[PDB]
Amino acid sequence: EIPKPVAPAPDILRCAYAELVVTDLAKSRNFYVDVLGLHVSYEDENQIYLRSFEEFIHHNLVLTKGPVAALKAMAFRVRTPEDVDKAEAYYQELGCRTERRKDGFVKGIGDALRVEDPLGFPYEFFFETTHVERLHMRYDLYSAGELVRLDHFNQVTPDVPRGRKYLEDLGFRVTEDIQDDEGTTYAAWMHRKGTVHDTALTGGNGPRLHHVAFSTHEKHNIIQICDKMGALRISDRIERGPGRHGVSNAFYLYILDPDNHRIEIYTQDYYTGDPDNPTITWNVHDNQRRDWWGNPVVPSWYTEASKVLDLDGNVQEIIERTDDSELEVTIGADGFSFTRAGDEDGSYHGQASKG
């Protein structure tokens, strides 16, 4: 349904940064800098530019003060300056609204193209960026919970197959998905950089941003984030986890920022860079697909997500999913999940796992 342009797709390297609108810059600074330990590349009264421990581009996260908390831009770095031209022609062919600024939208980025994409998301494509001191060996700064890289974005959208075809045309390769036996797709993960993903589509009402994810080196670094949150008596801002994912095989944690923006901490997925990387499809009723240990997924994880803005800074209208709901079919009143396919023992009827 989204047509494949004649124009060549831009060569996209990876997810690079997100710009998030926040309502209280000081509260958000405390969360991202004092709790999570992200490093400040630049800040003033209106914005905070933050980067992970191993990054050399200017930033991985921009917090911009504004009236309505929302995603303003999800940015991907492209391989060459000429790929920004290619992006612009590609989205024009798709009949999408675009805006190009030779000196960038945010500090530390040069020539950049922002677009309202066919799923209603604000994508940015850029090459030029101000290099900063790469802190990868600054063990004098290293926190027990250190965030080392930006890993991926996750987007909520009502029609996953529609979105998947579009991202595949753009060069993303699907690595894992969740489907049922009746032709419904609930989620898909897709990559450029050779990890399990750079973005993912989660079926639900949208456009909304589900989360932004950062990596740590080791599993104990994620445990430390939880332990620190207990010590600060903000354990209520731990939403889900820590756990092992089924899809992706990564160790994970979901926490909530002061404006409820969801942040995932993630580590130790696998290499997907080969072009015949085997795709893995999970059944939606498999209770090890999201948490490998079978821990229940809290309904807020399925229902809550962040608003996204269009290029004028207004919130995008939400379009309702009409396909089956992953919440309803697994943990709702008529839901079902299994531990072992075909075994009644360890299955759950009309409720979540573990009691």
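So that there is no doubt, residue numbering starts at 1 and follows the sequence shown.
As listed in the deposited structure, the average C-alpha B-factor of 104-112 and of 185-193 is greater for 104-112. Stretch comparison (140-148 versus 154-162) by mean CA B-factor in the PDB entry places 154-162 on top. Per the deposited coordinates, the residue with the largest Cα temperature factor out of 273, 203, 81, 230 is 81. Out of 38, 69, 61, 298, it is 69 whose C-alpha atom has the highest B-factor in the PDB entry. In the deposited entry, the Cα temperature factor of residue 42 sits in the top third of values across the chain's modelled residues. Residue 256 sits in the middle third of its chain by CA B factor, as recorded in the PDB entry. Split the chain's modelled residues into thirds by C-alpha temperature factor. Residue 265 is in the lowest one. Annotation for residue 133: C-alpha temperature factor in the middle third relative to the rest of the modelled chain, per the entry. When the CA B factors of the chain's modelled residues are split into thirds, the value for residue 219 lands in the lowest one.
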